[PDB]
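> Just passing along the structure, written as structure tokens.
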Amino acid sequence: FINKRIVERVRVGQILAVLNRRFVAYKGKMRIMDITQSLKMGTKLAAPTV
Amino acid sequence: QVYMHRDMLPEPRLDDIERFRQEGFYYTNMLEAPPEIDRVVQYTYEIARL
């Protein structure tokens with residue numbers, strides 16, 4: 001017994017019911033870049049901060 | 001004392017060509033005297049950064 005719907009009996013027209021979930025996908029136009037290695041010491045910013 | 005200011009190049013009329021026995025309109029950057037302080041905008045690198 002698992003109390004998790006692993007294998008389930010379905011109708012047919014019900015197949016697509018799975019959909020459900022949200023999902024946000026970055027448009028092809030955009031470029032995802034990790035600014036993680038830009039943490040060198042000798043870099044100063046124009047906006048001083050506290 | 002070094003400033004920048006949108007300045008026209010003197011384009012004189014030439015009716016009496018002989019009258020150009022004048023100082024041939026020499027023109028210069030050399031200001032006879034500096035600007036009115038309330039008309040000047042003092043820039044520090046600091047501000048320009050921002």
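So you can find residues: chains in the structure tokens are A, B, ... in the order shown, residues in each start at 1, and ligands are numbered from 1 in order.
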Could you work out which residues of chain A fall inside 9 Å of chain B? Count only C-alpha atoms, and format the result as a PyMOL selection string.
chain A and resi 45-48
> What's the 12 Å shell around residue 27 of chain B, counting only C-alpha atoms, without same-chain residues fewer than 6 positions away, as a VMD selection string?
chain B and resid 7 to 12
> Within 10 Å of residue 34 of chain B, counting only C-alpha atoms, which residues qualify if same-chain residues fewer than 5 places away don't, as a VMD selection string?
chain B and resid 1 to 3 40
